[PDB]
Amino acid sequence: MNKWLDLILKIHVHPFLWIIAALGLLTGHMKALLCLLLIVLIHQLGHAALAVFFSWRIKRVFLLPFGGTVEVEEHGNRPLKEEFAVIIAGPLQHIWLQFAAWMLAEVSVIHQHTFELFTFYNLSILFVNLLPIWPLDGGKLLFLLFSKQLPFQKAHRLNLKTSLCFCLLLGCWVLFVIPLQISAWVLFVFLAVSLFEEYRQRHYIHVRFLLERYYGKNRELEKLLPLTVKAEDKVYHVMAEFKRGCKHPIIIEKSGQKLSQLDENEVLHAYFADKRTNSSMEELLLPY
Amino acid sequence: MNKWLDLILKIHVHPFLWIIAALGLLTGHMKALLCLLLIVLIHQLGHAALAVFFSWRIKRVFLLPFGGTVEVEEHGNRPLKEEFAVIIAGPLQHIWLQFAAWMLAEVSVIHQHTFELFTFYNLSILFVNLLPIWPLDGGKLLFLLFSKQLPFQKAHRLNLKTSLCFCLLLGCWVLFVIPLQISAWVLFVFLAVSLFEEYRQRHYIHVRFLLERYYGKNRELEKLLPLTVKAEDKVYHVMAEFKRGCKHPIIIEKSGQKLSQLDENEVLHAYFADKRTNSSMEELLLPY
Amino acid sequence: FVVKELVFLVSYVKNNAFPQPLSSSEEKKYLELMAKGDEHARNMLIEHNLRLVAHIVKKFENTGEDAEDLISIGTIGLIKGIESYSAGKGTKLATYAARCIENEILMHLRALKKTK
Amino acid sequence: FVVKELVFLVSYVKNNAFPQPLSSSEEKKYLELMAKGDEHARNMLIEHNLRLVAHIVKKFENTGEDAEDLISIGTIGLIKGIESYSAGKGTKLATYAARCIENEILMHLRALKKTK
Ligand SMILES: CCCCCCCCCCC(CCCCCCCCCC)(CO[C@H]1O[C@@H](CO)[C@H](O[C@@H]2O[C@@H](CO)[C@H](O)[C@@H](O)[C@@H]2O)[C@@H](O)[C@@H]1O)CO[C@H]1O[C@@H](CO)[C@H](O[C@@H]2O[C@@H](CO)[C@H](O)[C@@H](O)[C@@H]2O)[C@@H](O)[C@H]1O
Ligand SMILES: CCCCCCCCCCC(CCCCCCCCCC)(CO[C@H]1O[C@@H](CO)[C@H](O[C@@H]2O[C@@H](CO)[C@H](O)[C@@H](O)[C@@H]2O)[C@@H](O)[C@@H]1O)CO[C@H]1O[C@@H](CO)[C@H](O[C@@H]2O[C@@H](CO)[C@H](O)[C@@H](O)[C@@H]2O)[C@@H](O)[C@H]1O
Ligand SMILES: CCCCCCCCCCCCCCCC(=O)OC[C@H](COP(=O)(O)OCCN)OC(=O)CCCCCCCCCCCCCCC
């Protein structure tokens, strides 16, 4: 009743979008601007509705000249279900839009060609919003699928590599085969810029993940996953294998001999609080 | 040369260019806009890159609605060699663009229409930015040729006179043949405005040249050219006939008979430092 | 037949990594909550000021040092500084955190140099 | 022929006559080199600080004299002001230069009145 009020009064629009909309209204293209604006707005509110329901921390709902964004501040902060319930809510409003359209136009309220154009643009947007490329929407689903069976670093590297190869394939197809189609060049440029920006910060995500892992107190304890490493492995290397939403007991191996199991919280507290880092498991075995 | 990168990231754009792009995006003229922007950007980048080599005070490279502009800071205070080198940075640049277009057409990346369009636009801009007008590279070549055997002030006067005559000829031709094609009219207005500006700034340009000459550092000392003058005029009227990049041993004629030989250094120092800017030249033989 | 009529567009979520700075009023409330005993307040306080780690670490780059150790010591220094910060004196928390992290990285660098 | 379908574009270098005023750091280093002793620093400073002559001459119209002599007096007064500049007076360099230019123009006006 009050939470959504700021979301309503927080819409920002790029000035270039204003210029494009005014010129399109001027030069005939009126039946097309409304359809695209309505589709984009509906999709953005679909993204935001689940985010605000989970009591997330949104910033702004922008409207780029080539799409829309809903900036949030949760990366590696919430479990798989919380992110999935927001990501899937994007490519799930077009279904009810199509259901409304196929009944509104069939009862012959407006016209046929308008329905044809609406369906064309709607389906085109839906199938463009699922390319397995970061960030889009399919790429994040692929990242979630990887993260559930792989260590976080491994998932964040394989997803990055797959997005890179798909981006190069798309760029080759756009530049060398298809005619000009400026809407494809801008897509390629945006994808490359976003991917490079994500690569440039491949390090803070891990530390944010570990920091959030430190301060979980009875956060709905879940499956216990035995983990075993050798004795001379460094502390950072053994901490690198921490998959999301799993508590990992550590078993040390002193070249065939195991001393005792160590709790994950113990090792992580030794990392942060006691500052007993840059050492192997032997140092943590015998304290001060 | 990281100043190249600084300039390329410091490229301003006029607000009207966004409106032009918006008008060209909803109508279908992206190919022409891209070709023209590419040609103009290559021209400007070549000019700026070759200007940085000689360590000039380049301000910024910006794209005004009907072309480009490099804001070179040094006006008439340099040897003509580097000026003539930097001005030819663009007429000697379209050659490799044409070669690249030929190669791309032969490998069949682009079909057999865009190649002709690009060649037509390239060979039109090359022949437009060469007319004997000031500005445009025609003036910055004809004036440099003028300043090789004539005094600087006379060269500038004759250059502006010829530029005005040719601008009037072009305006008459446009009015007689094409009463349309707004591009010609805006080019004519630009030419007239710039001609007025460099007609109004002539005094300061000349004073800058003279002051730079006085604070010389023996920049590639060339042969010495004498100057025979009668002792009945004003000193500002004998310093006017100064050539470019030449030291002049001043020869004075007293009632038709040679009296003494004086270097430019002492007379110019007496004119500036000694404040004898409006007395005479005859008493400079025996200042004390 | 279909190409040259598609409007591609995008609709993504843009997961950022640098939270916005906290206001000048909620800081006192967060500090009081931490004083009475809380941990989510500590998380929110040490996550909002992460850009300082980047700011100082960027300055110390080009010294033949990996980013992993630099960021680890930076976060350790920030948590140490916030763990022992006193508001009685009166000073912007950003300067205190910056001094703490700079001192921590300088100490680590001196220790590493002495090791070699 | 092809004149009907043509586009005219311009790509030229515009040579400014009055360089923009320079900030404190570079003028401070130029004055430091001035103290060391160099004519090129004098040339650069007078070149960068020539706009004041234009302002003074523009506001000193309605006099009935020529322009070349006024510009020469302005620039010689500017040179006299820069060579006599001191950082201990306690005022901006631009104001001191403007005062010197006005003084020189007034001196020329008095000389012309005496001659006439
Ligand atoms: C967040 C909101 C953003 C909204 C943006 C503006 C919204 C308007 C979109 C504008 C736009 C797409 C451009 C998208 C680029 C934007 C990408 C942004 C990137 C930023 C960097 C949609 O325009 C559509 O509007 C429809 C409404 O009428 C019409 O199609 C409907 O379909 C029927 C059913 O099959 C329906 O029955 C019927 O009703 C309609 O016929 C057409 O007008 C068109 O399909 C216009 O595209 C343009 O493409 C080019 C060549 O294709 C065209 O150029 C020229 O065409 C010939 C005629 O001059 C010329 O001979 C030729 O020389 C040249 O080729 C243009 O003419 C125009 O077509
Ligand atoms: C930073 C760079 C900024 C550059 C600006 C834009 C650059 C883009 C050029 C834009 C522009 C030149 C005008 C330049 C004026 C700008 C002056 C700037 C002053 C700023 C203040 C394109 O000119 C060329 O574009 C090419 C694009 O394809 C086309 O050539 C072809 O390309 C290939 C395909 O066939 C082939 O291979 C190739 O063989 C072809 O030749 C042709 O359109 C044309 O040759 C505008 O077109 C102009 O011509 C016609 C339309 O045809 C319009 O006539 C109108 O017709 C009715 C229909 O409305 C109207 O009822 C009527 O009223 C009006 O008569 C004009 O009015 C104007 O629209
Ligand atoms: C910095 C720019 C590169 C150097 C400049 C050299 C001049 C380029 C000459 C090529 C023809 C003119 C192209 C103008 C635009 C155009 O008209 O593109 C029109 C053509 C359309 O092809 P089609 O419809 O005929 O295909 C028919 C299919 N059946 O798309 C292209 O070919 C674009 C590909 C070449 C452009 C250079 C690619 C550079 C790759 C590296 C990127 C580096 C930065 C590039 C910044 C854009």
# chains A, B, ... in the order shown; residues from 1 in each chain; ligands from 1
call {"tool": "residues_near_ligand", "arguments": {"ligand": "ligand 2", "cutoff": "7 Å", "atoms": "only C-alpha atoms and all ligand atoms", "output": "list in words"}}
result
residues 17, 20, 29, 31, 32, 33, 36, 37, 65, 66, 67, 113, 114, 116, 117, 181, 182, 183 and 186 of chain B; 5, 6 and 7 of chain D
call {"tool": "select_by_dssp", "arguments": {"residues": "region 38-249 of chain B", "states": "strand (DSSP E or B)", "output": "list in words"}}
result
residues 61, 62, 63, 67, 68, 69, 70, 227, 228, 229 and 230 of chain B
call {"tool": "closest_atom_pairs", "arguments": {"of": "chain A", "to": "chain C", "cutoff": "6 Å", "atoms": "only C-alpha atoms", "output": "tab-separated table"}}
result
residue	atom	partner	partner_atom	distance
A:66	CA	C:9	CA	5.0
A:67	CA	C:10	CA	4.7
A:68	CA	C:11	CA	5.3
A:69	CA	C:13	CA	5.7
A:70	CA	C:13	CA	5.2
A:71	CA	C:14	CA	5.4
A:72	CA	C:15	CA	5.8
A:73	CA	C:16	CA	5.6
A:75	CA	C:15	CA	5.9
A:136	CA	C:12	CA	5.1
call {"tool": "residues_around", "arguments": {"residues": "residue 213 (chain A)", "least_positions_apart": "3", "cutoff": "10 Å", "atoms": "only C-alpha atoms", "output": "PyMOL selection string"}}
result
chain A and resi 76-77+207-210+216-217+242+244-245+247+265+268
call {"tool": "write_last_selection", "arguments": {"atoms": "N, CA, C and O atoms", "output": "short mmCIF file (atom, residue, chain, number, x, y, z; two decimals), in the first residue's frame"}}
result
data_model
loop_
_atom_site.label_atom_id
_atom_site.label_comp_id
_atom_site.auth_asym_id
_atom_site.auth_seq_id
_atom_site.Cartn_x
_atom_site.Cartn_y
_atom_site.Cartn_z
N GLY A 76 25.15 -11.97 -5.48
CA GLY A 76 25.72 -12.89 -4.52
C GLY A 76 25.22 -12.69 -3.11
O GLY A 76 25.87 -13.15 -2.17
N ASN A 77 24.08 -12.02 -2.95
CA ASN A 77 23.55 -11.67 -1.64
C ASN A 77 22.39 -12.56 -1.20
O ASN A 77 22.16 -12.70 0.00
N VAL A 207 34.64 -11.78 -2.89
CA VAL A 207 34.80 -11.28 -1.53
C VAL A 207 33.45 -10.89 -0.94
O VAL A 207 33.21 -11.09 0.25
N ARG A 208 32.53 -10.36 -1.76
CA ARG A 208 31.18 -10.09 -1.27
C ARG A 208 30.48 -11.38 -0.87
O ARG A 208 29.79 -11.43 0.16
N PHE A 209 30.65 -12.43 -1.67
CA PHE A 209 30.05 -13.72 -1.34
C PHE A 209 30.58 -14.25 -0.01
O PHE A 209 29.80 -14.67 0.85
N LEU A 210 31.90 -14.22 0.17
CA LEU A 210 32.48 -14.71 1.42
C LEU A 210 32.03 -13.86 2.61
O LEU A 210 31.69 -14.39 3.67
N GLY A 216 25.95 -15.31 8.49
CA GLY A 216 24.70 -16.05 8.45
C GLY A 216 24.50 -16.80 9.75
O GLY A 216 25.31 -17.65 10.12
N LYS A 217 23.41 -16.49 10.45
CA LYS A 217 23.11 -17.06 11.76
C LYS A 217 21.83 -17.88 11.65
O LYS A 217 20.73 -17.33 11.59
N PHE A 242 33.53 -23.12 -2.51
CA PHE A 242 32.36 -22.88 -1.66
C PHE A 242 31.17 -22.63 -2.57
O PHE A 242 30.92 -21.49 -2.98
N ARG A 244 27.21 -22.19 -3.60
CA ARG A 244 26.18 -21.40 -2.94
C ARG A 244 25.20 -22.28 -2.18
O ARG A 244 24.82 -23.36 -2.64
N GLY A 245 24.79 -21.82 -1.00
CA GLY A 245 23.80 -22.50 -0.20
C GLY A 245 24.19 -23.88 0.27
O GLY A 245 23.36 -24.80 0.26
N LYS A 247 26.80 -25.91 3.37
CA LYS A 247 27.75 -25.89 4.48
C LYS A 247 28.74 -27.03 4.30
O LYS A 247 28.33 -28.19 4.17
N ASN A 265 32.71 -22.38 9.59
CA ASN A 265 32.70 -21.10 10.29
C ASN A 265 34.02 -20.86 11.02
O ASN A 265 34.47 -19.71 11.11
N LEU A 268 36.53 -19.67 8.35
CA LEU A 268 36.18 -18.34 7.85
C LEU A 268 36.42 -17.27 8.91
O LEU A 268 36.88 -16.16 8.60
#
call {"tool": "select_by_dssp", "arguments": {"residues": "region 56-252 of chain A", "states": "alpha helix (DSSP H)", "output": "ChimeraX atom specification"}}
result
/A:80-87,94-104,112-128,138-149,152-176,182-200,204-214,235-240
call {"tool": "closest_residue", "arguments": {"among": "B:12, B:105, B:26, B:260", "to": "chain A", "atoms": "only C-alpha atoms"}}
result
B:26
call {"tool": "residues_near_ligand", "arguments": {"ligand": "ligand 3", "cutoff": "10 Å", "atoms": "only C-alpha atoms and all ligand atoms", "output": "MDAnalysis selection string"}}
result
(chainID A and resid 171:172 174:182 185) or (chainID B and resid 30:39 41:42 94 96:105 108:119)
call {"tool": "write_last_selection", "arguments": {"atoms": "N, CA and C atoms", "output": "short mmCIF file (atom, residue, chain, number, x, y, z; two decimals), in the first residue's frame"}}
result
data_model
loop_
_atom_site.label_atom_id
_atom_site.label_comp_id
_atom_site.auth_asym_id
_atom_site.auth_seq_id
_atom_site.Cartn_x
_atom_site.Cartn_y
_atom_site.Cartn_z
N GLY A 171 28.31 -11.20 -33.15
CA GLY A 171 28.98 -10.12 -33.85
C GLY A 171 29.37 -10.49 -35.27
N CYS A 172 29.91 -11.70 -35.45
CA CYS A 172 30.26 -12.15 -36.79
C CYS A 172 29.02 -12.22 -37.68
N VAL A 174 26.20 -10.57 -37.38
CA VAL A 174 25.64 -9.25 -37.64
C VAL A 174 26.49 -8.49 -38.65
N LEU A 175 27.82 -8.51 -38.47
CA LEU A 175 28.68 -7.68 -39.31
C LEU A 175 28.84 -8.27 -40.71
N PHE A 176 29.00 -9.58 -40.83
CA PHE A 176 29.46 -10.16 -42.08
C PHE A 176 28.35 -10.68 -42.99
N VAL A 177 27.17 -10.96 -42.46
CA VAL A 177 26.10 -11.60 -43.23
C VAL A 177 24.89 -10.67 -43.39
N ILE A 178 24.26 -10.29 -42.29
CA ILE A 178 23.03 -9.50 -42.31
C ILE A 178 23.34 -8.09 -42.81
N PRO A 179 22.42 -7.44 -43.54
CA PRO A 179 22.61 -6.03 -43.88
C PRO A 179 22.61 -5.13 -42.65
N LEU A 180 22.70 -3.82 -42.86
CA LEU A 180 23.05 -2.85 -41.83
C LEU A 180 22.36 -3.10 -40.49
N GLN A 181 21.03 -2.96 -40.45
CA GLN A 181 20.23 -3.31 -39.27
C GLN A 181 20.84 -2.75 -37.98
N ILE A 182 20.81 -1.42 -37.89
CA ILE A 182 21.46 -0.70 -36.79
C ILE A 182 21.05 -1.24 -35.43
N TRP A 185 23.68 -3.76 -34.52
CA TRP A 185 24.96 -3.17 -34.15
C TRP A 185 24.91 -2.61 -32.73
N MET B 30 20.26 5.70 -42.62
CA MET B 30 21.42 5.37 -41.80
C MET B 30 22.68 5.14 -42.62
N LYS B 31 22.56 4.61 -43.84
CA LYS B 31 23.76 4.33 -44.62
C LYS B 31 24.49 5.61 -44.99
N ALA B 32 23.76 6.62 -45.48
CA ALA B 32 24.40 7.88 -45.83
C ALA B 32 24.99 8.57 -44.60
N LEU B 33 24.25 8.57 -43.49
CA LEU B 33 24.75 9.19 -42.27
C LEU B 33 26.02 8.50 -41.78
N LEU B 34 26.03 7.16 -41.80
CA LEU B 34 27.21 6.43 -41.36
C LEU B 34 28.40 6.72 -42.27
N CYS B 35 28.18 6.74 -43.59
CA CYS B 35 29.29 7.00 -44.50
C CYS B 35 29.87 8.39 -44.28
N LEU B 36 29.00 9.40 -44.19
CA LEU B 36 29.47 10.77 -44.00
C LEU B 36 30.18 10.92 -42.66
N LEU B 37 29.61 10.36 -41.60
CA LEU B 37 30.24 10.46 -40.29
C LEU B 37 31.59 9.77 -40.28
N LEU B 38 31.69 8.60 -40.92
CA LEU B 38 32.97 7.90 -40.97
C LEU B 38 34.02 8.72 -41.70
N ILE B 39 33.65 9.29 -42.85
CA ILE B 39 34.62 10.07 -43.62
C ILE B 39 35.08 11.29 -42.83
N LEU B 41 34.99 11.80 -39.57
CA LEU B 41 35.75 11.40 -38.40
C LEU B 41 37.16 10.98 -38.77
N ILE B 42 37.32 10.25 -39.87
CA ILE B 42 38.66 9.87 -40.31
C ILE B 42 39.47 11.11 -40.67
N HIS B 94 42.36 10.16 -47.94
CA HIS B 94 41.28 9.43 -48.60
C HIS B 94 41.80 8.31 -49.50
N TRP B 96 43.93 5.77 -48.85
CA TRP B 96 43.85 4.45 -48.23
C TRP B 96 42.42 4.07 -47.87
N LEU B 97 41.54 5.04 -47.63
CA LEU B 97 40.12 4.72 -47.50
C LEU B 97 39.57 4.14 -48.79
N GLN B 98 39.93 4.74 -49.93
CA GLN B 98 39.50 4.20 -51.22
C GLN B 98 40.08 2.80 -51.45
N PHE B 99 41.34 2.60 -51.09
CA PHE B 99 41.95 1.28 -51.24
C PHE B 99 41.22 0.24 -50.39
N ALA B 100 40.90 0.59 -49.14
CA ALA B 100 40.17 -0.33 -48.28
C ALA B 100 38.79 -0.62 -48.84
N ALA B 101 38.11 0.39 -49.38
CA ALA B 101 36.80 0.16 -49.99
C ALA B 101 36.92 -0.78 -51.17
N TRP B 102 37.95 -0.60 -52.00
CA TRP B 102 38.16 -1.50 -53.13
C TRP B 102 38.38 -2.93 -52.67
N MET B 103 39.22 -3.12 -51.65
CA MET B 103 39.50 -4.46 -51.16
C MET B 103 38.24 -5.11 -50.58
N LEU B 104 37.47 -4.35 -49.80
CA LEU B 104 36.25 -4.88 -49.21
C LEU B 104 35.22 -5.23 -50.28
N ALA B 105 35.14 -4.42 -51.34
CA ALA B 105 34.25 -4.76 -52.45
C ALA B 105 34.71 -6.03 -53.15
N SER B 108 33.91 -9.08 -51.41
CA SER B 108 32.46 -9.20 -51.45
C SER B 108 31.81 -9.13 -50.08
N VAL B 109 32.44 -8.45 -49.12
CA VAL B 109 31.76 -8.15 -47.86
C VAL B 109 30.59 -7.21 -48.11
N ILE B 110 30.79 -6.20 -48.94
CA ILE B 110 29.76 -5.24 -49.30
C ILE B 110 29.40 -5.44 -50.77
N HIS B 111 28.11 -5.35 -51.07
CA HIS B 111 27.62 -5.60 -52.42
C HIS B 111 27.92 -4.40 -53.31
N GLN B 112 27.37 -4.41 -54.53
CA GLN B 112 27.79 -3.49 -55.59
C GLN B 112 26.92 -2.23 -55.67
N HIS B 113 26.39 -1.76 -54.54
CA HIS B 113 25.74 -0.46 -54.46
C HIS B 113 26.40 0.45 -53.43
N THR B 114 26.65 -0.07 -52.23
CA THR B 114 27.28 0.72 -51.19
C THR B 114 28.68 1.16 -51.59
N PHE B 115 29.38 0.35 -52.39
CA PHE B 115 30.71 0.74 -52.84
C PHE B 115 30.65 2.00 -53.69
N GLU B 116 29.73 2.04 -54.66
CA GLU B 116 29.58 3.24 -55.47
C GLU B 116 29.13 4.43 -54.63
N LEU B 117 28.21 4.21 -53.69
CA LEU B 117 27.78 5.32 -52.84
C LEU B 117 28.94 5.89 -52.04
N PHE B 118 29.75 5.01 -51.44
CA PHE B 118 30.88 5.45 -50.64
C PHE B 118 31.92 6.17 -51.49
N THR B 119 32.22 5.63 -52.67
CA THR B 119 33.19 6.28 -53.54
C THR B 119 32.69 7.65 -53.98
#
call {"tool": "closest_residue", "arguments": {"among": "B:195, B:22, B:9, B:238", "to": "ligand 1", "atoms": "only C-alpha atoms and all ligand atoms"}}
result
B:22
